[PDB]
Amino acid sequence: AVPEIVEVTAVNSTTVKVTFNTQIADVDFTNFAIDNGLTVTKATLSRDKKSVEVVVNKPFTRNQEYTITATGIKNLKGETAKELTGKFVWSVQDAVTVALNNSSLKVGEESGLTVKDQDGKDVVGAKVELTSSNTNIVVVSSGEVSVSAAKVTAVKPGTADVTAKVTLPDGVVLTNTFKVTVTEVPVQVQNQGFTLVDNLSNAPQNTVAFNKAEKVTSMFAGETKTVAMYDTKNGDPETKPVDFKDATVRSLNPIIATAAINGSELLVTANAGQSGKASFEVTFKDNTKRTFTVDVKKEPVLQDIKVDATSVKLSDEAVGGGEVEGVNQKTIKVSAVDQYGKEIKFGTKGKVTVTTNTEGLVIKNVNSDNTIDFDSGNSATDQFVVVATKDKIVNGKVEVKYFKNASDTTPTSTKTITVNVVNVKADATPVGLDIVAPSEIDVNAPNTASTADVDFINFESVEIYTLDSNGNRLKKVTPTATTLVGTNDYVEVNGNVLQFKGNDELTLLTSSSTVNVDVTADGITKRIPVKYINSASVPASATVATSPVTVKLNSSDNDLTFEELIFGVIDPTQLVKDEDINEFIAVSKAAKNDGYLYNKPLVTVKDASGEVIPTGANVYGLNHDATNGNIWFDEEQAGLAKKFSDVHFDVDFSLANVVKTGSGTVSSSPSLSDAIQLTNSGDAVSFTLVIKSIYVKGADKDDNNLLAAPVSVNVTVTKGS
Amino acid sequence: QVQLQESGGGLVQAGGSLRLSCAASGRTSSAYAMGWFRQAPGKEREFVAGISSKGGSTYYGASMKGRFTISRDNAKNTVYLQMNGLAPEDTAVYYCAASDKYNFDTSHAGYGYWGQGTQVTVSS
Ligand SMILES: [Ca+2]
Ligand SMILES: [Ca+2]
Ligand SMILES: [Ca+2]
Ligand SMILES: [Ca+2]
C-alpha cells in the first residue's frame, strides 16, 4: 500500500487538507509545495495518520485552480512514493444546503428539513441530529434520523433554537442552527353578539366589523367596561352598536358583577376578589328581552417562573480566550408569570435561586446567596449567565427554583437546564460556519400582527460562529462578503442585506421559492438557503363566467363602459351603508341582484391559497360613490402599514361579432373606459368579448396575467322603452 | 351544513306546561346559534326565542319571555323551548332554526337552517 493522494479540499482560505490512500510517516513543510506564487508555511499529520493539514503563506484566490505537490511521503512503515500531484479550488462549488422548511409555526404544526446539492436535488441517505434549546416550546425527533423523516413540532407559544447536525453519506458533517417561533392558535370565544370595551368610541363601527374582529367577553375583578353589542335586522348588519336608552338592566349574579345604564351606555362592573360567570338581563322599550354572560377573572397574581431554555451546549473555551456569548457561556432569561401565564412584576414575597451540583460550571450575574432579585421585585424579568471552565469537560445541570415565600425550606417549583460542555483546542483550525439566520423572508411582514417575521436579513446582524472539525464552536465572527447565487425575479443582495427588489412584490408575488446566499467570514464561505414568501392575500388567479350576458338599460340611460360590463355597475339600493364612515359594508339579504344594477360581474378572483377574494360590491369599505365593481380591496386600504400598489384590475380584451341596431354604437377596438352608446329605445349592440389578460392595474399584462386561457363571452345591450 | 330535529309536540290543556327539544347534528354543529319560530293558524310566522352557541346569551320576541324560556345542553348539542302557562293562542307549528351567526336577529332572514316543525295544540 503506497502513498497516493485521494482528496484535496480547501478547508479555509489559507489551509488545505490532503487525504491519502494509506497511513503515512511524520511530515513537515519541506514535504509540500504549491504553485501560483504561494509557499507552504506548515504541514501537520492528523492522529488518524491519514491526512495532512497544510497551511499556505497567503490566501487562495477564489476560483483559482492550484496544484499541491507532495515529495518524500513514506508509507505505513516502509516505502517512499514518487511525486504526488493534487489539484483543488477554494470556492463553494458543490455546496450542500440545509434548510428548515417552515420556521414560524402555530401550536400543533410541524416542519420538515430539506437537504439539497448544487443541482437543487435531495441528498439521498442524508442523516440529521436535531436538538431544541427549549423543549417547553419546540420539540424535535430524537437521536439520528433520516433527513426526510426529521420533524420540528410546535408545543407552546414562544421561541427556540434548533441545532441541525447533518451527516452526509461520504461522511461530511454540516452544522447549522435555526430560529423557530411558535405562535398561538387563538382560542375561539363563544359569540354572544357583544364585546367589552374601554369606551364606545373605540368600538367596531358596525355589525360586520364586529364579527370580523376579536371579541372580549372576559374582564378582571375590579374593572368596569362598556358593553359594545351588535344586532342584525332582517339579516342585515346594523350600522352602529346597540343603544340602551330607556332600557333597564337586571344583574343576575350581583355578588360577582353589576350593571348600570347611563344614558345610551351599558356598563358592567366586576367586584374586587370575585370571579366566575355573571349574567345580565336587558329589557327594551319595545318589550323585547335579552341576556348575556361575562367571565370575571381573579386578579392577576404571581404564580410561577418561566425560563427561556431547557438545554445548552457549551465549548470549554473560546479561541482567543475570554468568555464569549454563544461559545463558552450562555445567558439565560427568567420571567415571572401570573396564573394566566402573562408577565407580572416579581414580588418581594418570594425568591428564586440558581444552583448547580456540577463541578466545572460557573453561574454568574447572581447574588452571593444564589438568588436573583428581579431588580428588587420591580421587574417581570431577570437573567443569569452560565460559563464553562477551561479543560473541565463535564455535562451536568442547572436548577432554577421558585419559592413562594422567601423563607420556605422547600421550593414551589423547579425548572431544569441541562448543560453539555464539549472540548475544543485553544488553537483549533476553523473549518466551517454556523450562521444563525432566519429561515424565511416575507414581503407582507409589516402587515402581519406577528412581530417576529421580517422582510429582509442583514447578515452583519446575525450571529455567526466558526466551527472546528468536530462541529463545535470556536469564535464569534462577522461577515466579509455576502453574495446571491444566480439571479432571481423577486429578491437581491445589496451589500450584506438580502431583501425584496422593491418592484411591487407585495401585490404581485404569488409563488414562493428558495434562494441561496454565499456568506464569507474569517476566510470560510458557507452557502445558506433562504425562503421568500408573500402571505398577503392578493390576486393570483381569475376566472371568467362564460354564459351569455344581456343588459337592458333603463329608458333613462344611454351608456355602459366596458369596465361596467365586465366588473359590474354598483346599485346602492341593494347594499347596506354605514353613515358614520360613508361606506358600504354589505349586500342586503333582500338584494334582487347581488348588489349590481345590470348584469352580475363576469370575473371571479382568487388568492394563492385558492380562496375567493371579495370583489366589487362585496369589498368591505367600498366608497358611497362607487359606480363599478373593478376593485378588490378598500380604496384607502385601511389597516395596512404597507400598501398594495393598486386595488383595481386592468383587462386586455378584443371585441368581435359587432352588430349595431338603429343608432347603437361602440368602438371597433375599445379600452375598458370606452362605452356602448344607445340613444333611442330599440337601439341595440351585440358582440362577443374575448378576454385575454386580467391583471392588477399598473402591472404587466403578460407577466402578471391572472387568466390561464382566454375566454369568449356573447353580450347583448338594449335599451328599455 | 347542519340538521335539526324537533321533538315533544302534542296536546296540552290551557294553563299547562310543555317542553320542546331540538337536537343539532353536524361537524362543527356545536358552534351553531339556534332559535325557535312559530306559525299559528291565521297568522304570519313569528320569532319566539333564540340562543347562542354555548348558552351564554339568549334573546326573545316582544312579550315572549315568561310564557317562553330557551336553554341549551352543550353536551347533548340540543336546545329546549320551555312553555309555561299556555293559552289557546299558542296553538301552532313550532319550528327550530339554526344560524352561522349570533346577532339578536328576530327575522327568518337571520337564520340559514330549518327543522320541519312540530305541532302544539292547546285546549280549554
Ligand atoms: Ca357605524
Ligand atoms: Ca480545551
Ligand atoms: Ca409582522
Ligand atoms: Ca373605502
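Since every read-out is calculated from the coordinates, none of them should be taken as a lab result. Note that each Cβ is placed from the backbone with ideal geometry, even for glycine, and that neighbours are counted across all protein chains shown.
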Here is a list: A:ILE585, A:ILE570. Which entry is within 16 Å of ligand 4 (Cβ to nearest atom) and within 14 Å of chain B (Cβ to nearest Cβ)? A:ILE585
So in region A:253-296, with the set limited to residues that are without any contact (Cβ under 8 Å) to a residue 12 or more places away in the chain and at the interface with another protein chain (Cβ under 9 Å from one of its Cβ atoms), which one is surrounded by the most Cβ atoms within 10 Å (Cβ to Cβ)? A:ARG290
Evaluate the following for A:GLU299: is it surrounded by fewer than 19 Cβ atoms within 10 Å (Cβ to Cβ), within 14 Å of another protein chain (Cβ to nearest Cβ) and at negative phi? no
Restricting attention to region B:44-71, and to residues there that are of a type in the set (D, E, K, R) and touching a strand residue (DSSP E or B) at 6+ places or on another chain (Cβ under 8 Å), which single residue is nearest to A:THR293 (Cα to Cα)? B:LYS54
When residues of region A:42-100 are limited to those that are of a type in the set (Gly, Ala, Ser) and under 30 Å from A:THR163 (Cα atoms), the one surrounded by the most Cβ atoms within 10 Å (Cβ to Cβ): A:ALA99
Does B:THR58 satisfy the criteria of being within 22 Å of B:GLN1 (Cα to Cα) and either facing chain A (nearest Cβ under 8 Å) or surrounded by fewer than 21 Cβ atoms within 10 Å (Cβ to Cβ) (or both)? no
Given the conditions (1) free of Cβ contacts under 8 Å to residues at least 24 places away in the same chain; (2) within 16 Å of ligand 3 (Cβ to nearest atom), which single one is not true for A:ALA641? (1)
In the set A:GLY610, A:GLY616, A:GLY595, which member is away from chain B (no Cβ under 14 Å) and away from ligand 4 (no atom under 16 Å from the Cβ)? A:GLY610
Restricting attention to region A:260-309, which residues are more than 38 Å from the chain's Cα centre (by Cα) and basic (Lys, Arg)? A:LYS285, A:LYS289, A:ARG290
Check whether at least one residue in region A:611-619 is in contact (Cβ under 8 Å) with a residue 24 or more places away in the chain, within 24 Å of A:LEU506 (Cβ to Cβ), of a type in the set (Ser, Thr, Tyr) and surrounded by 19 or more Cβ atoms within 10 Å (Cβ to Cβ), and report yes or no. yes
Within region A:119-158, considering residues that are surrounded by fewer than 20 Cβ atoms within 10 Å (Cβ to Cβ) and polar (S, T, N, Q), the one farthest from A:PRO186 (Cα to Cα): A:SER146
Looking at this structure, is A:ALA590 outside any loop (DSSP other than H, G, I, E, B) and in contact (Cβ under 8 Å) with a residue 24 or more places away in the chain? no
Counting only residues that are among the acidic types (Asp, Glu) and crowded, with 19+ Cβ neighbours inside 10 Å, which one in region A:427-454 is nearest to ligand 2 (Cβ to nearest atom)? A:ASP434
So, in region A:224-234, of the ones that are more than 13 Å from chain B (Cβ to nearest Cβ) and buried (at least 17 other Cβ atoms within 10 Å of the Cβ), which residue ends up farthest from A:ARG290 (Cα to Cα)? A:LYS225
Could you please let me know if B:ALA14 is assigned to a loop (DSSP other than H, G, I, E, B), over 13 Å from the mean Cα position of the chain (by Cα) and facing chain A (nearest Cβ under 10 Å)? no
Here is a list of conditions, (1) within 27 Å of A:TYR230 (Cα to Cα); (2) of a type outside the set (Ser, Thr, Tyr); (3) away from chain A (no Cβ under 13 Å), and B:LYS65 meets all of them except one; can you say which number that is? (3)
Taking region A:548-587 and keeping residues part of a strand (DSSP E or B), in contact (Cβ under 8 Å) with a residue 40 or more places away in the chain and away from ligand 1 (no atom under 16 Å from the Cβ) leaves A:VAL549, A:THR550, A:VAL551, A:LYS552, A:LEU553, A:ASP559, A:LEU560, A:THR561, A:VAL569, A:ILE570
The listed residue being out of contact with any helix residue (DSSP H, G or I) (no Cβ under 6 Å at 6 or more places or on another chain), on the phi > 0 side of the Ramachandran plot, part of a loop (DSSP other than H, G, I, E, B) and without any contact (Cβ under 8 Å) to a residue 60 or more places away in the chain, out of A:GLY78, A:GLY37, A:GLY72: A:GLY37
Being within 12 Å of chain A (Cβ to nearest Cβ) and surrounded by 22 or more Cβ atoms within 10 Å (Cβ to Cβ) is the filter here, so list the residues in region B:84-124 that pass it. B:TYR102, B:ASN103, B:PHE104, B:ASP105, B:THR106, B:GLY110, B:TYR111
Do we find that B:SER53 is within 14 Å of another protein chain (Cβ to nearest Cβ) and surrounded by fewer than 18 Cβ atoms within 10 Å (Cβ to Cβ) in this structure? no
